[PDB]
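Chemist: First the structure, which I've put down as structure tokens, then a few questions once you've had a look.
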Amino acid sequence: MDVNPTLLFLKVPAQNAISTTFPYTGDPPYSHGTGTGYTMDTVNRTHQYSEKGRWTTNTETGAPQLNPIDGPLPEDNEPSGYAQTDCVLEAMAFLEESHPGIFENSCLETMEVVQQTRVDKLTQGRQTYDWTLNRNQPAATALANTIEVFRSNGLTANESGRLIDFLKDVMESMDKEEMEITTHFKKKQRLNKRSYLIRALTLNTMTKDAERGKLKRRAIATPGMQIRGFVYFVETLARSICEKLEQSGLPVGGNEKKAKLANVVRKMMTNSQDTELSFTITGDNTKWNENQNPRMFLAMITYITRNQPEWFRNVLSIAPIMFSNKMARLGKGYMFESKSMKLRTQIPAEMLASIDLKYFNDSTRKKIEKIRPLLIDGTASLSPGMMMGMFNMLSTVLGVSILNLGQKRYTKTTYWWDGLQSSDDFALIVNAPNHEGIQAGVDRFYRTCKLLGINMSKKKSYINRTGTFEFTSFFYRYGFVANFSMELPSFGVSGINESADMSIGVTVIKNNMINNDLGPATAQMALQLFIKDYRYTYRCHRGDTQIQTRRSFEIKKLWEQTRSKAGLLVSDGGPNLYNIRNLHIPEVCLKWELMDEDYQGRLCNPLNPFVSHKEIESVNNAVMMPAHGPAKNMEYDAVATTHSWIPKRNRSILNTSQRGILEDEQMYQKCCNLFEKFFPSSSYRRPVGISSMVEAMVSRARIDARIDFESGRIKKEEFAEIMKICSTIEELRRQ
Amino acid sequence: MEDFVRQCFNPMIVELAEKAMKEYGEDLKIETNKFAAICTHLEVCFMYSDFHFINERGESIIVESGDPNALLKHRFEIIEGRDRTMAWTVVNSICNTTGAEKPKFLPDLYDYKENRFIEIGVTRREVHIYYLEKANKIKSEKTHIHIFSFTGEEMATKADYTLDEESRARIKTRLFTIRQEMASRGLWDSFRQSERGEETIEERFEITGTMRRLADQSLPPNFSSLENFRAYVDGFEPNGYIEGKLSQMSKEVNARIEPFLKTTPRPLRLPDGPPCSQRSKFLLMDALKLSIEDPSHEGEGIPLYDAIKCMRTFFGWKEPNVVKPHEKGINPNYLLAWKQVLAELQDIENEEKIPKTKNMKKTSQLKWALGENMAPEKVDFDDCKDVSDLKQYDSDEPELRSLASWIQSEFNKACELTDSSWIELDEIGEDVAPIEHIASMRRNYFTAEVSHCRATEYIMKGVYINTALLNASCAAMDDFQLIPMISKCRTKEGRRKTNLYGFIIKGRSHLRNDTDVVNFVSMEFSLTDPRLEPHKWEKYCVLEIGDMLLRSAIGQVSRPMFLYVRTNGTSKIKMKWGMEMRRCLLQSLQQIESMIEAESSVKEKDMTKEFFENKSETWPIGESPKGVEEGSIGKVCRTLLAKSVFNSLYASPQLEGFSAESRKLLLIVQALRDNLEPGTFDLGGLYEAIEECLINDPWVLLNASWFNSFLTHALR
Amino acid sequence: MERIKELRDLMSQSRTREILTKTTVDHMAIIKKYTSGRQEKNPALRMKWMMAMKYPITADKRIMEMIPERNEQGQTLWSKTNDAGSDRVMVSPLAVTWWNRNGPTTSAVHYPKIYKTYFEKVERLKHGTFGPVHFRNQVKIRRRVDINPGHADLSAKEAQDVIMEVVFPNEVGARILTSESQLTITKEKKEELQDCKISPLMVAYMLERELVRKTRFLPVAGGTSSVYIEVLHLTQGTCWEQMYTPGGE
Amino acid sequence: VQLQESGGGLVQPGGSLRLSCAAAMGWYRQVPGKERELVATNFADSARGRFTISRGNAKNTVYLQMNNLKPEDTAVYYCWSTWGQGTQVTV
RNA sequence: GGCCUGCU
RNA sequence: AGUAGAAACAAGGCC
């Protein structure tokens, strides 16, 4: 007899055992080298899906741009980006009519937010492409570098501390004859108008790793800092709009998505009488981002912001204006090998414009030949369409408009449709009195989608009777069925620290028990395995064992020293008291009454040199990138113990010409620590104002010395010493 | 008027007033009389506060110039002259230290004698109105208020004047100096009434310059300016434009539904080529175990001593010789490496205490076997351009290979029971709730079912091997290290036992990226002759190292005993994911527990015990030439565990792609079997998407064969 | 005394003097987050990889003067080589366990008073009473429920001023809290935590967690109470219901 | 899947009977005083050697050939894939 | 041969 | 050689 697990589906329905079809127990695919090939392929594919448009050359950037809008209507089922302006404007108008007051309200709240938003909001972001160094750097670092360059060039309106003023300075920088940047190898280099325009309109391309569910790798993009404020405002407007649309599912979580899917299916099927047939289409959109033209987003926003202050319209329109002229950096480059001479070489991507094509294979040779005409200063113009879901929410708005355009008031026919859209994925429930009606409805829906630059993937889509469908790895079969294979990768040690890892693991087990219908015995097994892996990872074994490690000696002496050994934490080699009933309690508090007072005091000592807290945002928040989803943050319950240390940093900056960044880091951190000691609320509430550091610090020294004498340790001798030391630092700052 | 503040007042005050001007964001060129008025207010604040000191008594000491001493205390300490944030900082600090009441508006000074605030304001109008005006602005105030006015008069409540009168003569002399100096200037046409409390501003975000031209090039094809396009949008109204283009659009743009029937789906085509080879990092079906029967636990003990003791338990060693060559390497290197390992093992046996971890010599043998100094040296392009052989890295579709029957048998025997328990679980909090008791009983049942399973043994082998390899790579980055493959089990009798499959030599492991490869050489004992399925051992070199005698009724077999030696490699990501193989247990048993719960939701009672003991219900878990064979729930547990283990062992992008694109077709087939009239828009496209994932991986090809068999058995 | 002294020492050196002079208060946050350290994409892989090194964690410089450089057998506990972009020094994990067996001891009696939420959870569970498990299909319907069982009927911003006035009374600024509920909360949490020396930031964070109301969407069947939602994993399942009554009731 | 059993009836002990079920497959039985009993899919102990299960995938039929029947085989014999209505066998 | 780094 | 698979590793750089 030959064993075959798949035959199990002959008795258990597919959805009731779908977890077996998710090989999420092995290493996910990773990219190894450059992503330049993928970037070039994506650029060429985006440009050839809109080949029948019209070509122009921008007078500012001098780059060739392709406009397919209002182009010839498609005559085949292949992907097409020839969106029609009038059709999309009409779709938005119908969306407004079905939801009166949506645009005006959303614009009002967006106007409030834009005029009260601060610059620091831009620091709350992941890697961004700093143009000062032409590389990806943390959002805060890139923002600081750009602000420094602007201030050195004379653009100091951002000193007002307002994001709108920062954007005003950004736009004013576009009209400057010559800017100056700094490079280390420090050298001051001058950038002319066109070079700075291209550096501000460019995107950095990388390869996406840890992407499960496809054989081929893809490319993703990261924009600069000049354009992120406009993107933030536009996405704020789009989120405020989608929050008023029940057909959208992008700005919500997973459980809300399931609830809305259940509600829509029940509404569609229940209202349908015996005569009407119902069919569900589990649709995926092929080349979703490559076929969405930024000009059409400009049209949608300018229709949304009608009868609004002109400044609001301008600030919200700046973003799509820059995306329509966006450029993409090709990537890291290409690495060559010579086996005859036994050597390797790494050529940067910027040489692709001039480098001969003898080194490249046929596929890459043709890709380079096709993309060369669009190369301007080492970057390729990508006007026709978006690169990687930067305007997720606006795309969801367009899809929701398409969905609502079939409310049976615009169809003008017996058939009708509804459903749920989340960018690149949708479920469409279509009802009609007969199979011919369903066919006509789906055909018209597809045709209308093709008029908006949205394509339906026929290969990854199928239609059945309502009651069974899929949506973003959620399988609905007369009710959503748990999978538990999507969350399997999150059952190990997170990698934050000991206490954080313990709390995160127990909380993940608890949550997957609540949401993903994890069984009790399975949860107990998960707890046991997690504890085993945790002890084997942090070298913290039970203590009563003879497992020799680098940490087994101190742990054993602590074990033999303690009297009530049941109170020792698993991190210190103690027994595990966790169970299904204790999954919502931190380890420290669960073992509090069992700890010896000496060990308890040594553990939770504020003066410990290991605990370090930076800001209110990073107290008990851990960023865990979930499998098959975007990066997410979780609140984990933990007590600040000596085990809450933060791990070592990379330390490879020491071998790079960018070595002075560490000295600047140290000096900035010293100044920030001094300010915090002067202003204790610096971390919890970020200080605001327009004065400089030393003014506030010296003046508060004055006052605090005064009052702490009026009652406290200070003495006249010390108070006068502080006053004249303040005068000394004053005259020092003078010179 | 600004010429006056250019001339008279000192710098300190003028820049203080300029920063106060910047504070609330209004411009000085439009209205300057406010600047002069508030700078005079600030000046009176200083001149009233300074020159006034106190000592340990009350009765302020007044000195025209502060002498060098610790006695420089100031009688009145200023509030204004600071930012709003700091003004409120001082307010709150004074309230919290003085125990006084917090005012709602900005004071100007604080004093000790009377322990309270002073809000000085000198207005153009006479005092006896401005005083009570600001008083009714401030609610129930105990802070004393004192104001002057240009005529020279003073006033205050309580008839209180807090310090010397010569200072006030100073104040009013300053005051009339101001007055009869404007007399020379001539400003009272507006000086009395120049500020009325204007607060208004319009936000301006103007598109101009280059950024405007960009806006003119981001419009539809037949538009010339953003102004015109916005005017058109504002004037646009729906007039049935989607219908016109829908009618005009070609009818070939359709989404016709192709019915999906029993005869529609065709079997997935498998690639053809040379048979598929073995990819695992260790032997799974052909492993052999040398044991000692020690009482130590899994992690307890020292590796090298245990390995040597286990190997001394076997007698019959012969001089090793080549049986099956690598067919691409230098087998004599493998032979010499094996003999070197034996020699150095003896060398450890001789000395005092067995080292916890041993380093081996870097001979040419393992230099070749571990791929040392073979990475091409990195150079610059400007120095290597004329080399004809210089080209890209080989980037093409992997070699095509057809499925072989060995993977099927390997999976078959990976789901079989064993004579040992390969899982020793940790401790949990004592169960207190009845649901916890039910969970514990279920867990005990599953552990009894799966512990005696080759899948669990493979899990432990992989976890231990990858953990040791990762730790050695991170610790001994430079020097080759010896690691014996150890796994500890428990017999049916209950006696604990150790097992030594072989050895792993880890090489240089300077791993920077998650994809960087660490090469090692693995040696494992076995009894399976490699002359029967040679195509499964394409990358192995197999020697003959001894003879084994296992008790059998046919005299005694005296079988040969071979050594499978190969060069393999891994990476940080692969090591990390292989050291988390225990979640296969989770996956499998979560599936089984979901089955049990779903069935128990029907009958209002827990159904675990009868499922595991009666074994009446069975699921299709394989096909025999006679037909489909069904097994009890325990066999399903073992089968799913083996499937998860093989997923973790043979993981690859092919597996992910095939899994997704075959789950799609499985859902379609399930819809067909449920009588839900399934339909497809392009089924050939889906088939081509599935078939492109099957290239050379044995596991994915076996999964595809299983899928074809399931289709054949289904659709009936 | 000290604080202004390192201020003067910083201003002595030209670079830090320039940083202090030209940098405005508003930019405080930016430069504080200014770092070359990228946020890790795969934390688990490197935590499993770094812990195999010697000196894998980081600690303040003060550790060099509280913990000896080596333990009894000579295993090093800390190193004097500083981190990449900080003055902290890299140390071994043993320095943690050492601190828990011979490090300085204090009075942790006030931690229960600080971490009110967690200890209240423990007390509620310790006195809970379980019941029989009933096996029947549960119709889990998704609903919006409040998870925090100690929220004082305050929002984030609404309680943020209360938290500042409780911890940072001087940086409150204009705000003086009007609602009398906030008055009593301030009084209680002021007199209760008057000398607690854990940290201002952690105290503020835990006060925010305790007082601020927070809500999330979850699949529930029955219950719906704040105390009954924290144990939602233990009382409700796919095909079983476990009757439970927390200690509070 | 719908299923119809044929071939049951009244028989002598030591007699023979060929059940057939028109539609993995098998045969289970139910005596008047009990629940379901496994017959064939592999055969149960009480019926092994006496009874043979076979199928014709081209006719879509599973057969149960019963020989040397006992009074203890008296039951409703149900086919399955989905359950038939059962055919009465009385020995 | 000596020393530096391992997400920069 | 080996790992791996649309491009890489099989140490890097600095003296």
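Letters A, B, ... go to the chains of the structure tokens in the order shown; residues in each chain start at 1; ligands are counted from 1 in the same order.
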Give me the residues near residue 4 (chain E) as a PyMOL selection string, where near means some atom within 12 Å (using only C-alpha atoms (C1' of nucleotides)) and where sequence neighbours in that chain fewer than 6 positions away do not count.
Modeler: (chain A and resi 651-656) or (chain F and resi 12-15)
Chemist: Could those selected residues go to a file with N, CA and C atoms (P, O5', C5', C4', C3', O3' and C1' of nucleotides), as a PDB file, in the first residue's frame?
Modeler:
```pdb
ATOM      1  N   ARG A 651      27.037  46.647  13.542  1.00  0.00           N
ATOM      2  CA  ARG A 651      28.453  46.943  13.771  1.00  0.00           C
ATOM      3  C   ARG A 651      29.292  46.885  12.499  1.00  0.00           C
ATOM      4  N   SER A 652      28.689  46.707  11.324  1.00  0.00           N
ATOM      5  CA  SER A 652      29.459  46.668  10.086  1.00  0.00           C
ATOM      6  C   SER A 652      29.711  48.047   9.495  1.00  0.00           C
ATOM      7  N   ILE A 653      29.135  49.104  10.073  1.00  0.00           N
ATOM      8  CA  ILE A 653      29.380  50.455   9.585  1.00  0.00           C
ATOM      9  C   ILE A 653      30.835  50.865   9.731  1.00  0.00           C
ATOM     10  N   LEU A 654      31.590  50.189  10.599  1.00  0.00           N
ATOM     11  CA  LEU A 654      32.959  50.601  10.885  1.00  0.00           C
ATOM     12  C   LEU A 654      33.884  50.436   9.687  1.00  0.00           C
ATOM     13  N   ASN A 655      33.529  49.585   8.726  1.00  0.00           N
ATOM     14  CA  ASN A 655      34.367  49.323   7.563  1.00  0.00           C
ATOM     15  C   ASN A 655      33.938  50.116   6.335  1.00  0.00           C
ATOM     16  N   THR A 656      32.991  51.038   6.481  1.00  0.00           N
ATOM     17  CA  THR A 656      32.456  51.802   5.364  1.00  0.00           C
ATOM     18  C   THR A 656      32.854  53.265   5.486  1.00  0.00           C
TER      19      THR A 656
ATOM     20  P     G F  12      36.754  36.968  -0.577  1.00  0.00           P
ATOM     21  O5'   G F  12      36.118  38.221   0.176  1.00  0.00           O
ATOM     22  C5'   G F  12      34.963  38.872  -0.332  1.00  0.00           C
ATOM     23  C4'   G F  12      34.689  40.162   0.401  1.00  0.00           C
ATOM     24  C3'   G F  12      35.826  41.173   0.409  1.00  0.00           C
ATOM     25  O3'   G F  12      35.887  41.938  -0.783  1.00  0.00           O
ATOM     26  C1'   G F  12      34.966  40.940   2.598  1.00  0.00           C
ATOM     27  P     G F  13      37.305  42.389  -1.387  1.00  0.00           P
ATOM     28  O5'   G F  13      37.692  43.680  -0.538  1.00  0.00           O
ATOM     29  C5'   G F  13      36.847  44.820  -0.526  1.00  0.00           C
ATOM     30  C4'   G F  13      37.007  45.616   0.743  1.00  0.00           C
ATOM     31  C3'   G F  13      38.382  46.219   0.983  1.00  0.00           C
ATOM     32  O3'   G F  13      38.589  47.428   0.272  1.00  0.00           O
ATOM     33  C1'   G F  13      37.650  45.141   2.949  1.00  0.00           C
ATOM     34  P     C F  14      40.074  47.873  -0.150  1.00  0.00           P
ATOM     35  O5'   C F  14      40.756  48.289   1.228  1.00  0.00           O
ATOM     36  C5'   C F  14      40.213  49.335   2.023  1.00  0.00           C
ATOM     37  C4'   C F  14      40.832  49.363   3.397  1.00  0.00           C
ATOM     38  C3'   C F  14      42.339  49.553   3.445  1.00  0.00           C
ATOM     39  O3'   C F  14      42.731  50.907   3.301  1.00  0.00           O
ATOM     40  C1'   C F  14      41.728  47.779   4.878  1.00  0.00           C
ATOM     41  P     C F  15      43.899  51.301   2.273  1.00  0.00           P
ATOM     42  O5'   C F  15      45.002  50.173   2.500  1.00  0.00           O
ATOM     43  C5'   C F  15      46.297  50.490   2.999  1.00  0.00           C
ATOM     44  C4'   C F  15      46.496  49.969   4.402  1.00  0.00           C
ATOM     45  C3'   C F  15      47.927  50.051   4.927  1.00  0.00           C
ATOM     46  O3'   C F  15      47.915  50.297   6.332  1.00  0.00           O
ATOM     47  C1'   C F  15      47.231  47.795   4.892  1.00  0.00           C
TER      48        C F  15
END
```
Chemist: Would you kindly return, as a list in words, each protein, DNA or RNA residue with an atom no farther than 8 Å from any atom of residue 36 (chain C), considering only C-alpha atoms (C1' of nucleotides) and excluding same-chain residues fewer than 6 positions away?
Modeler: residues 137, 138, 141, 661, 662 and 665 of chain A; 85 of chain C; 8 of chain E
Chemist: Please list as a PyMOL selection string every residue within 12 Å of residue 594 (chain A), counting only C-alpha atoms (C1' of nucleotides) and excluding residues in the same chain fewer than 2 positions away.
Modeler: chain A and resi 562-569+574-575+577+587-592+596-600
Chemist: Where in region 375-410 of chain A does DSSP assign helix (DSSP H, G or I), given as a VMD selection string?
Modeler: chain A and resid 392 to 404
Chemist: How would the residues just picked look written out with C-alpha atoms as a PDB file, in the first residue's frame?
Modeler:
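Generated output (result31.pdb):
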```pdb
ATOM      1  CA  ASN A 392      -3.403  51.004  -2.158  1.00  0.00           C
ATOM      2  CA  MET A 393      -6.352  52.954  -0.782  1.00  0.00           C
ATOM      3  CA  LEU A 394      -7.116  54.862  -3.995  1.00  0.00           C
ATOM      4  CA  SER A 395      -6.998  51.596  -5.943  1.00  0.00           C
ATOM      5  CA  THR A 396      -9.452  50.148  -3.424  1.00  0.00           C
ATOM      6  CA  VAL A 397     -11.636  53.228  -3.957  1.00  0.00           C
ATOM      7  CA  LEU A 398     -11.657  52.624  -7.715  1.00  0.00           C
ATOM      8  CA  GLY A 399     -12.513  48.963  -7.209  1.00  0.00           C
ATOM      9  CA  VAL A 400     -15.317  49.867  -4.809  1.00  0.00           C
ATOM     10  CA  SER A 401     -16.658  52.302  -7.400  1.00  0.00           C
ATOM     11  CA  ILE A 402     -16.711  49.458  -9.924  1.00  0.00           C
ATOM     12  CA  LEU A 403     -18.464  47.199  -7.412  1.00  0.00           C
ATOM     13  CA  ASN A 404     -21.095  49.834  -6.606  1.00  0.00           C
TER      14      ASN A 404
END
```
Chemist: With 8 Å as the limit and counting only C-alpha atoms, what residues in chain B lie close to chain C? Please list them as a ChimeraX atom specification.
Modeler: /B:85,88-90,92-93,96,104,433-435,470-471,474-475,572-573,576,597-598,600-606
Chemist: Neighbours of residue 181 (chain C) within 9 Å (only C-alpha atoms (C1' of nucleotides); same-chain residues fewer than 4 positions away dropped), as a PyMOL selection string?
Modeler: chain C and resi 152+185-186
Chemist: Store the residues picked out above, limited to C-alpha atoms, as an mmCIF file, in the first residue's frame.
Modeler:
```cif
data_model
loop_
_atom_site.group_PDB
_atom_site.id
_atom_site.type_symbol
_atom_site.label_atom_id
_atom_site.label_comp_id
_atom_site.auth_asym_id
_atom_site.auth_seq_id
_atom_site.Cartn_x
_atom_site.Cartn_y
_atom_site.Cartn_z
ATOM 1 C CA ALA C 152 -11.577 54.403 33.434
ATOM 2 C CA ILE C 185 -7.795 59.619 39.421
ATOM 3 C CA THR C 186 -4.935 62.121 39.602
#
```
Chemist: Measure the distance from CA of residue 500 (chain B) to CA of residue 649 (chain B) in Å and round it to one decimal.
Modeler: 20.4 Å
Chemist: For the contact check between chain F and chain B, emit one row per residue of chain F within 9 Å, containing the shortest atom pair and the distance in Å rounded to one decimal, counting only C-alpha atoms (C1' of nucleotides), chain then rising number order, as a Markdown table.
Modeler:
```
| residue | atom | partner | partner_atom | distance |
| --- | --- | --- | --- | --- |
| F:1 | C1' | B:329 | CA | 5.6 |
| F:2 | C1' | B:567 | CA | 5.8 |
| F:3 | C1' | B:569 | CA | 4.8 |
| F:5 | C1' | B:398 | CA | 6.4 |
| F:6 | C1' | B:395 | CA | 5.0 |
| F:7 | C1' | B:395 | CA | 6.4 |
| F:8 | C1' | B:393 | CA | 7.9 |
| F:9 | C1' | B:516 | CA | 4.7 |
| F:10 | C1' | B:375 | CA | 5.1 |
| F:11 | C1' | B:510 | CA | 5.4 |
```
Chemist: Could you list, as a list in words, every residue within 7 Å of region 691-696 of chain A, counting only C-alpha atoms (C1' of nucleotides) and ignoring same-chain residues fewer than 6 positions away?
Modeler: residues 20, 21, 22, 23, 24 and 25 of chain C
Chemist: Can you pull out every residue within 10 Å of residue 37 (chain D), counting only C-alpha atoms (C1' of nucleotides), but drop anything in the same chain fewer than 3 positions away, and send it as a PDB file with C-alpha atoms, in the first residue's frame?
Modeler:
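Once everything was written out, this is out-v1.pdb:
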```pdb
ATOM      1  CA  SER B 616     -14.246   2.071  13.480  1.00  0.00           C
TER       2      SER B 616
ATOM      3  CA  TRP D  27     -20.502  -2.855   2.622  1.00  0.00           C
ATOM      4  CA  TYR D  28     -21.775  -2.466   6.182  1.00  0.00           C
ATOM      5  CA  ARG D  29     -24.725  -4.232   7.812  1.00  0.00           C
ATOM      6  CA  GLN D  30     -27.373  -3.508  10.447  1.00  0.00           C
ATOM      7  CA  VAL D  31     -29.083  -6.258  12.468  1.00  0.00           C
ATOM      8  CA  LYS D  34     -27.988  -2.925  16.784  1.00  0.00           C
ATOM      9  CA  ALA D  40     -16.107  -5.208   3.724  1.00  0.00           C
ATOM     10  CA  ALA D  44     -14.254  -8.196   9.133  1.00  0.00           C
ATOM     11  CA  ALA D  75     -29.338  -7.902   8.513  1.00  0.00           C
ATOM     12  CA  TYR D  77     -26.876  -4.654   4.116  1.00  0.00           C
ATOM     13  CA  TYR D  78     -25.995  -1.072   3.251  1.00  0.00           C
TER      14      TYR D  78
END
```
Chemist: Show me a table, sorted first by chain and then by increasing residue number, of the residues of chain E having an atom at most 10 Å from chain B, each with its shortest atom pair and the distance in Å to one decimal, counting only C-alpha atoms (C1' of nucleotides) and written as a Markdown table.
Modeler:
```
| residue | atom | partner | partner_atom | distance |
| --- | --- | --- | --- | --- |
| E:5 | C1' | B:512 | CA | 9.9 |
| E:6 | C1' | B:512 | CA | 5.6 |
| E:7 | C1' | B:513 | CA | 7.3 |
```
Chemist: Hey, what's within 12 Å of residue 127 (chain A) if we count only C-alpha atoms (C1' of nucleotides) and toss same-chain stuff fewer than 2 positions away? As a ChimeraX atom specification, please?
Modeler: /A:122-125,129-130,135-143,204-206,221-225,228 /C:35-41
Chemist: To one decimal place in Å, what is the distance between CA of residue 483 (chain B) and CA of residue 305 (chain B)?
Modeler: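 It comes out at 11.3 Å.
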